[PDB]
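Notes follow once the structure below has been shown.
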Amino acid sequence: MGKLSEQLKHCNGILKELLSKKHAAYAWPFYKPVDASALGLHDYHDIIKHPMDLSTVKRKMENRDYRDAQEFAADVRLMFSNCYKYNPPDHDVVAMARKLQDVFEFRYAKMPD
Ligand SMILES: CC(=O)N1c2ccc(-c3cnc(C(N)=O)nc3)cc2N(Cc2ccccc2CO)C[C@@H]1C1CC1
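Going by the authors' numbering, the sequence shown runs without a break in its numbering and finishes at 455.
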């Protein structure tokens with residue numbers, strides 16, 4: 343549905359990396375939408391108004407929902423922010439989020455322009 347812009351190509355590369363086996367040890371909690379019912383997190387949707395995850399970002403990229411790199415970045419950061427909002431700062435999943443966000447932020451900073 344049309345070639346991605348040069349900056350969105352970079353974003354797509356980053357997304358591929360975040361989903362790759364390379365980072366699976368800490369990326370796995372972010373692969374799919376939080377299933378609040380299944381995990382017994384019955385307050386999750388009261389606290390997190392805009393859930394986000396990497397599969398949703400992937401779908402949006404494929405569907406050309408993102409019009410620029412900034413919109414893509416906002417969803418990725420929304421995902422991490424949701425994790426930092428819902429979970430205590432000493433939780434294992436928060437440590438994983440910080441590590442995956444480090445991967446994201448450092449490569450996002452290498453955006454071509
Ligand atoms: C994305 C996010 O904020 N969350 C999060 C999202 C998804 C999953 C997850 C759990 N199980 C499976 C599975 N069954 O394969 N896949 C993903 C787990 C979490 N963790 C739990 C969790 C993460 C990592 C290590 C240990 C645990 C303790 O169980 C909590 C949190 C949550 C409180 C909001």
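Backbone N, C-alpha and C define an ideal beta-carbon position, used for all residues, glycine too.
Any chance the CB of residue i is under 6 angstroms from a heavy atom of ligand 1?
{"i": "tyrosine 426", "result": "no"}
{"i": "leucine 396", "result": "no"}
{"i": "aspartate 434", "result": "yes"}
{"i": "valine 399", "result": "no"}
{"i": "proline 375", "result": "no"}
{"i": "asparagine 429", "result": "yes"}
{"i": "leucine 420", "result": "no"}
{"i": "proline 393", "result": "no"}
Assuming residue i contacts residue j under a Cβ cut-off of 8 angstroms, what Cβ separation, rounded to an integer in Å, is found between them?
{"i": "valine 418", "j": "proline 371", "result": "Their Cβ separation, rounded to whole angstroms, is 14 angstroms, which puts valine 418 and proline 371 out of contact at 8 angstroms."}
{"i": "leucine 357", "j": "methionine 403", "result": "6 angstroms"}
Whose C-beta lies closer than 6 angstroms to the C-beta of residue i among residues of the same chain, with five residues either side of it excluded?
{"i": "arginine 401", "result": "none"}
{"i": "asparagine 429", "result": "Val435, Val436"}
Taking the alpha-carbon of residue i as reference, which of the options has the nearest alpha-carbon?
{"i": "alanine 415", "options": "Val376, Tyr373, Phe446, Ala380", "result": "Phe446"}
{"i": "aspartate 377", "options": "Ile390, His365, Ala366", "result": "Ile390"}
{"i": "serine 347", "options": "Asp407, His392, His365, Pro430", "result": "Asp407"}
{"i": "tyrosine 426", "options": "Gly355, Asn354, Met394, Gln412", "result": "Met394"}
Among residues of its own chain, excluding the 5 on either side of residue i, which ones have a beta-carbon nearer than 8 angstroms to its beta-carbon?
{"i": "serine 397", "result": "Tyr373, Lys374, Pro375"}
{"i": "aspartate 410", "result": "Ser347, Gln349, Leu350"}
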